[PDB]
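The next block holds one structure in the form of structure tokens; read it before the comments.
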There are 2 protein chains.
Amino acid sequence: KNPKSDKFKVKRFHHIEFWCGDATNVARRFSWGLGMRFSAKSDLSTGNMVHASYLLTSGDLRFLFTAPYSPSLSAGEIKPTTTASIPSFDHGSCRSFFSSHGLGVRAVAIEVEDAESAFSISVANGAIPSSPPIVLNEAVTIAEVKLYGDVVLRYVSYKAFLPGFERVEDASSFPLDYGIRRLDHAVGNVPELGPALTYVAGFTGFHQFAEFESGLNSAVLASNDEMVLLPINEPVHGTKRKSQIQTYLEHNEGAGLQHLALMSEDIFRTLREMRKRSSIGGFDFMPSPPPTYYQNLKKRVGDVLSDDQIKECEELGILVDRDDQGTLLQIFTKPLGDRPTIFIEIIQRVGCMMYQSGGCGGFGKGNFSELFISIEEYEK
Amino acid sequence: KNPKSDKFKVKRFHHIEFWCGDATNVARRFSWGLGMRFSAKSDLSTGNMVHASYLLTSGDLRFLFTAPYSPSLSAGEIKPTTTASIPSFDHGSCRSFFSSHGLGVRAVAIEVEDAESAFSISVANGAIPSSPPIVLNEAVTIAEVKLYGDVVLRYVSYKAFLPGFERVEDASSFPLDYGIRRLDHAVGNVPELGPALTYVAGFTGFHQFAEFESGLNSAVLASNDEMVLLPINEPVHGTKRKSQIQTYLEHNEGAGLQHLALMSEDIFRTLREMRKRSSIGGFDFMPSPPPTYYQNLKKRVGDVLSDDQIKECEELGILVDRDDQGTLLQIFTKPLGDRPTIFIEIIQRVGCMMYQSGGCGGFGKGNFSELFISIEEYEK
Ligand SMILES: Cc1c([C@H](O)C2[C@H](O)CCC[C@H]2O)ccc2c1c(=O)n(Cc1ccco1)c(=O)n2C
Ligand SMILES: Cc1c([C@H](O)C2[C@H](O)CCC[C@H]2O)ccc2c1c(=O)n(Cc1ccco1)c(=O)n2C
Ligand SMILES: [Co+2]
Ligand SMILES: [Co+2]
């Protein structure tokens, strides 16, 4: 059931912005690790004395890495004379963010029809304003409201990347590509799911995306065409294995973004290319499941991909779940940084053709039960 | 003239420690970029709740990358119960360091016979104590005194990497190597060279290493066998091209480490391997000199390396200078991070054989005049 109750017109995910202490080093590690191209910059070379910002791109996926310069570089400026290309940026907010959380996502940015309307309707419906709408170079409008923890939902709208960014020179832009094409979903961990759901659903009009005892309870908010998907988790206390959600909240100093799920047009090529570079600057993957997993996946997805492909899934350590309209392939990286907080998910969806509809396959919650069962089978 | 006046027995450079906000991402960028192996760790996986520390190695070169966890992880601990493997570490000092300077070197660590004596004699001779000597696991003694800015000279001594670090598992350690073998010199920028020289020379007994109007004035302190080399720069104000030293001090918020010079056993292989990876996660190099440089280098170093090698120097953009005992090959990277502060120098020294004596060739100051002259020649 999709009551299509969006309070403003939303399009798709536009970019994800990381706040860090050195944008250069994070951007180059991510670029090599995920096979994303260096496509735009805003920094000293472009006259920005406030923040260094570098954009990586793969397909429609846009990763933005920003860090503050010394405030002394811009001490004579005021907000009307700023040289920041992103007007919401704040030295104190960014330093406080990185030192409280470590490396992580500051903004989940969705493109909308009208960022001023989106901000107005949002706050009129309970959103906590973060940065009021500002029109950049008569071309682009940008506005921010609080999402959870210190993460903001960022609205961007185009009358026709951002003003004041520069296209990178082709000799500095190497066309890496491991198959990743767009952001599928972005997931937050909070201490209490109920109030978090109520707040966000309340100011966007996003509806609960339907689904179908380890870790969490979760629920997925979705826009009208279910292309913008925002799952949210809370811990399940009092178990025997400590919830990784509660571990997240302890090491992250509170609520925040847990994982980004990136869609690949060919998860086999992606995971081969990423695994090649794991121990030479790229990303580590979570430990593979026992072969009993792949010894049971013929009995569940054997109509969807051949035994040659299921064997190919066994080498790369890929998980496979299934809804009632589609099948989901997925795997999880180790944490992107020092703390056991944010990680990335690689996914590919098969089914639900009309274009592919959003969320085809679900999000893999079944893989929890399948994993534990596959563990016990292997053990004995 | 070498009066060999060291006030305590010094051996060689032991490691360089970077303070950052995320150790993981800097370490992986440096590892791929410079061809250094991941060899030791101290972090949550090893029971350290205070700081994450990862060591990269290439030959005798040891790069340490450290960042703080949330203080909340270790709030119950006191200095006697600490789980930090490096006792000098301090959350507040490290956060304040990264937010004031951005990415940079916190410690230049030299190995000594007796770190307690080294610290005692040092402070008795004007050194500002930074961290008193502490004996780690009855095996290693560690002590710190201020060097310049927020950089400390770190003494380490072994009765027989550090206690509480772990050897990395071979499946996580990929044996990268681009030829780099040891740290040659570490260079500081200060606002006033005179007082800086007087202070450091005063508490170490290091002597002025002999040399032989753009940029700087500099002077090199050296230990008895001139293997530990600490050059220091100050700006030359009132020119026409702004001193890069003064630019350093403005963007770094004061004095600090300017460049690390890394010796390669084969600078041609090193620079080929590093240049291959420049735009896929590695390091950028400063713009090459005009071919007029290489058109004049036959007339100055033509007795040292063939015209085939001088042509090989032209492709890689390598500089060549010459003292009266040796010849120096060198090239400079772009800044390692967001700010125009720290950069790395790759060098190889030929001559002064007895083993090779320290500083063989000098440090390339002549390449300043040669560069400007080679510019003007090309232009007309
Ligand atoms: C993050 C995740 C997901 C979903 O993506 C996520 C949805 O997006 C949104 C709501 C549900 C929520 O779970 C699904 C399966 C997972 C994991 C996951 O992190 N791990 C690793 C792990 C090891 C020990 C503890 O967790 C897994 O094993 N499985 C199977
Ligand atoms: C750092 C450096 C050195 C020495 O290593 C250093 C010694 O270690 C210790 C004392 C002297 C001191 O200069 C030598 C030659 C250099 C550079 C250097 O940074 N650049 C780049 C640049 C472009 C514009 C402004 O600077 C150069 O061109 N040349 C030729
Ligand atoms: Co997911
Ligand atoms: Co040098």
Side-chain angles (χ1 to χ4, degrees), chain A residues 183-189 209 211 215-216 218 220 229-233 257-263 319 321 328-333 342-347 349 359 361-364 366-368, chain B residues 183-190 193 197 208-209 211-212 214-222 229-236 239 242-248 257-263 285-289 293 317-321 328-335 340-347 349 359 361-364 366-371 373-375:
Chain A
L183 183 68
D184 185 90
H185 50 275
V187 178
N189 282 352
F209 186 95
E211 299 263 272
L216 52 98
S218 57
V220 181
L229 306 168
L230 302 168
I232 304 162
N233 313 326
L257 197 138
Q258 176 202 51
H259 70 272
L260 298 168
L262 324 183
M263 179 167 285
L319 299 318
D321 211 2
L328 162 80
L329 316 158
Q330 75 193 155
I331 191 175
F332 303 99
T333 80
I342 181 164
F343 54 94
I344 281 174
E345 178 189 2
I346 309 299
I347 50 101
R349 299 188 182 279
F363 301 83
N367 274 315
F368 282 133
Chain B
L183 183 68
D184 185 90
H185 50 275
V187 178
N189 282 352
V190 295
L193 174 64
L197 275 204
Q208 180 127 6
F209 186 95
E211 299 263 272
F212 289 72
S214 297
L216 52 98
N217 305 325
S218 57
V220 181
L221 310 173
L229 306 168
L230 302 168
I232 304 162
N233 313 326
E234 68 167 14
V236 175
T239 326
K242 193 193 201 191
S243 163
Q244 68 273 7
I245 315 303
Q246 182 57 24
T247 298
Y248 178 102
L257 197 138
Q258 176 202 51
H259 70 272
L260 298 168
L262 324 183
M263 179 167 285
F285 289 90
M286 286 300 263
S288 288
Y293 190 85
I318 296 179
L319 299 318
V320 190
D321 211 2
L328 162 80
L329 316 158
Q330 75 193 155
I331 191 175
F332 303 99
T333 80
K334 287 200 211 167
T341 53
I342 181 164
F343 54 94
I344 281 174
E345 178 189 2
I346 309 299
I347 50 101
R349 299 188 182 279
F363 301 83
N367 274 315
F368 282 133
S369 166
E370 191 27 87
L371 216 30
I373 272 74
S374 196
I375 288 183

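Numbering of ligands and ligand atoms starts at 1, following listing order. All heavy atoms count here, side chains included; hydrogens, waters and symmetry mates do not. So that the names make sense, note that chain A is the first sequence line, chain B the second, and so on, each numbered from 1.
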In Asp321(B), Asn367(B), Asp184(B), the residue satisfying side-chain hydrogen bond (donor to acceptor under 3.5 Å, both in side chains) with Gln330(B) is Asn367(B)
For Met286(B), the ligand 2 atoms with a heavy-atom partner under 4.0 Å come out as 23 (C)
Quick look: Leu371(B) vs ligand 2, heavy-atom contacts under 4.0 Å, and the answer is side chain
Only residue of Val220(A), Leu229(A), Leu260(A) satisfying side chain to side chain contact (heavy atoms under 4.5 Å, CB included) with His185(A) is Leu229(A)
If we number the atoms of ligand 2 from 1 as shown, the ones under 4.0 Å from a heavy atom of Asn233(B) are 10 (C)
query: Does some non-hydrogen atom of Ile232(B) fall short of 4.0 Å from ligand 2?
result: no
Interatomic distance, CE@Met286(B) vs CD@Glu345(B), rounded to 0.5 Å, equals 12.0 Å
dist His259(B):NE2 -> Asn189(B):CG (nearest 0.5 Å) comes out at 9.0 Å
Ligand 2 atoms nearer than 4.0 angstrom to some heavy atom of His185(B) are 8 (O)
d(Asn217(B) CG, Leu193(B) CG) to nearest 0.5 Å is 7.0 Å
Note: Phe363(B), heavy atoms under 4.0 Å from ligand 2, region reported as both
Ligand 2 to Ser218(B), heavy atom cutoff 4.0 Å, flagged ligand atoms 10 (C), 11 (C)
Note to self: Would the distance check show the side chain of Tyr293(B) and the main-chain N or O of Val320(B) forming a donor-acceptor pair, the cut-off being under 3.5 Å?
What the structure shows: yes
In this structure, the Co ion (ligand 3) sits at the vertex of an angle between OE1 of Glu345(A) and NE2 of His185(A) that rounds to 10° as 90°
Atoms of ligand 2 under 4.0 Å from any heavy atom of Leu216(B), numbered from 1 in the order shown, are 13 (O)
Numbered in order shown, the ligand 2 atoms found under 4.0 Å of a heavy atom of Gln244(B) are 25 (C), 26 (O)
The answer for which part of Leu319(B) has a heavy atom under 4.0 Å from ligand 2 is neither
Note: ligand 2 atoms sitting under 4.0 Å from heavy atoms of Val187(B) are 8 (O)
